[PDB]
Visitor: 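I'd like to ask you about the structure that follows.
Worth knowing before you read on, the calculation uses all heavy atoms, side chains too, and leaves out hydrogens, waters and symmetry mates. Here is how names work: the chains are called A, B, and so on, in the same order as the sequence lines, proteins then strands, and each is numbered from 1. Note that ligands are numbered from 1 as they come in the structure, with each ligand's atoms numbered from 1 the same way.
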Amino acid sequence: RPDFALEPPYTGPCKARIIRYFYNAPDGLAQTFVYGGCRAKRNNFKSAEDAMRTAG
Amino acid sequence: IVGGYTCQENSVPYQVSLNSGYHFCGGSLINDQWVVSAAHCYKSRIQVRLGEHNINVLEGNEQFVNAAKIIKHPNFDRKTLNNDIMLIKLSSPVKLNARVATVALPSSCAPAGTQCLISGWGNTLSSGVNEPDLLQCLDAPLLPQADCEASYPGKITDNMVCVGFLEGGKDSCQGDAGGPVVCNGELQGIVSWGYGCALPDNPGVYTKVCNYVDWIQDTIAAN
Ligand SMILES: [Ca+2]
């Protein structure tokens with residue numbers, strides 16, 4: 001699978017509280033984390049199904 | 001807010017919570033129909049909650065009002081966060097009382113060393129996640145621009161100001177963005193960004209509101 005799928009979730013420097021989905025490579029599943037609102041990385045999705053379709 | 005204290009119920013009447021299903025940012029009421037927040041808190045649909053203390057329990061003093069217009073600063077930069085300010089016009093004027101009040105815009109730019117009050121419902125831990133039910137408060141000073149620049153080499157613009165402590169331990173965090181930094185009764189800053197939360201040598205960075213008073217007033221008058 002893509003490299004960005006193996007990277008841990010990136011909250012970023014912004015201080016908003018936005019729930020986003022990411023692919024948890026080890027556990028091999030899609031979960032949620034707190035995104036700050038800016039400078040998002042690729043392992044950041046607005047929906048679970050969108051995460052699985054890309055990192056599945 | 002990391003390392004702060006629970007605010008006295010309704011002691012920060014100008015604080016608002018931005019909600020689109022859940023609390024995601026703070027804001028400040030500046031007049032009966034307008035709220036100021038951070039541009040990175042932009043959402044196509046936003047509900048503003050005023051008169052809040054415990055964000056997860058209906059207390060009876062709250063007012064729920066939808067945003068009618070959302071206006072980000074035209075020069076907002078999503079990468080550098082320069083000009084991280086946004087205005088929200090409410091669908092209808094709110095009722096001003098002891099629990100819901102406005103905060104004054106700055107008369108001038110406050111000098112470094114000025115003690116201020118920061119508030120919000122953001123994360124309270126530097127490591128891990130702990131979202132508070134009750135509004136949190138933090139007394140912190142405006143830092144000298146030189147120390148701000150030294151903490152964030154080449155990342156600080158004239159539209160930003162650092163507030164907090166270089167030793168870390170106390171700071172704003174995720175969930176606090178858009179929130180107020182009030183010094184001597186005037187809104188001097190808007191919670192914007194920072195590297196981590198409450199980490200040494202990385203104090204929070206805030207939008208310097210005194211540089212936008214004219215933009216705010218002109219925008220409100222034209223909308
Ligand atoms: Ca409540």
Side-chain angles (χ1 to χ4, degrees), chain A residues 14-19 32 34-37, chain B residues 1-38 40-70 86-104 116-125 128-139 170-182 185 187 189-191 197:
Chain A
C14 286
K15 293 178 177 176
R17 189 255 188 186
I18 302 172
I19 300 179
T32 63
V34 177
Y35 172 51
Chain B
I1 303 295
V2 181
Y5 55 92
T6 302
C7 310
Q8 177 171 51
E9 191 175 308
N10 300 154
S11 58
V12 190
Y14 49 80
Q15 171 86 226
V16 307
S17 165
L18 265 37
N19 184 299
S20 190
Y22 57 79
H23 168 82
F24 69 95
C25 274
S28 303
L29 187 70
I30 54 175
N31 69 61
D32 73 327
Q33 298 185 64
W34 292 83
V35 163
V36 58
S37 185
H40 77 262
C41 288
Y42 174 79
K43 227 82 163 175
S44 62
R45 293 186 295 289
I46 298 177
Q47 178 181 68
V48 180
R49 297 183 178 190
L50 311 91
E52 289 278 22
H53 182 52
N54 180 326
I55 191 165
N56 296 305
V57 177
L58 181 61
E59 299 157 300
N61 296 303
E62 315 91 330
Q63 291 183 54
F64 297 61
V65 191
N66 277 29
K69 299 182 184 180
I70 304 173
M86 172 179 83
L87 288 177
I88 298 173
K89 183 180 187 186
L90 306 175
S91 292
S92 61
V94 300
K95 297 184 180 181
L96 300 176
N97 54 54
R99 284 64 282 293
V100 178
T102 63
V103 58
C116 312
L117 180 66
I118 308 175
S119 51
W121 286 278
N123 186 18
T124 62
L125 302 174
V129 182
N130 185 186
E131 280 152 40
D133 291 310
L134 311 175
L135 183 63
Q136 299 294 293
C137 274
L138 176 65
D139 298 291
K170 296 179 174 62
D171 197 1
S172 51
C173 203
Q174 280 65 50
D176 291 318
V181 176
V182 174
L187 183 65
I190 301 303
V191 183
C197 300

Visitor: Please give me the protein atoms (N, O or S only) lying under 3.0 Å from the Ca ion (ligand 1), ordered by chain and number.
Guide: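 Under 3.0 Å from the Ca ion (ligand 1) - ignoring waters, which are not counted - the protein N, O or S atoms are B:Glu52 OE1, B:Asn54 O, B:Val57 O, B:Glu59 OE1, B:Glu62 OE2.
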Visitor: Hey, which of B:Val181, B:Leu138, B:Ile1 is the one that makes side-chain contact (heavy atoms from CB on, under 4.5 Å) with B:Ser172?
Guide: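 In the set B:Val181, B:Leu138, B:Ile1, the residue that makes a side-chain contact (heavy atoms from CB on, under 4.5 Å) with B:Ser172 is B:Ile1.
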Visitor: Whether the side chain of B:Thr124 engages the backbone of B:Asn130 through a donor-acceptor N/O pair (distance < 3.5 Å, no angle test) should be reported.
Guide: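 Here the side-chain-to-backbone pair exists.
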Visitor: Check salt bridge (charged side-chain N to carboxylate O under 4.0 Å, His left out) between B:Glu62 and all other residues, then give those that pass, not counting sequence neighbours.
Guide: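 Per chain and number, B:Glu62 pairs via salt bridge (charged side-chain N to carboxylate O under 4.0 Å, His left out) with no residue.
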Visitor: Residues in ring pair (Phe, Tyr, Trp, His ring centres under 6.0 Å) with B:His53, at least two apart?
Guide: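 Here no residue qualifies.
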Visitor: Just to verify, what does B:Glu52 make a side chain to side chain donor-acceptor pair (under 3.5 Å) with, not counting sequence neighbours?
Guide: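 Listed in chain order: nothing, the list is empty.
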Visitor: Check whether B:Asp32 reaches the backbone of B:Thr102 with its side chain - one donor and one acceptor, N or O, closer than 3.5 Å.
Guide: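 Not confirmed, B:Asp32 side chain does not pair with B:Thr102 backbone.
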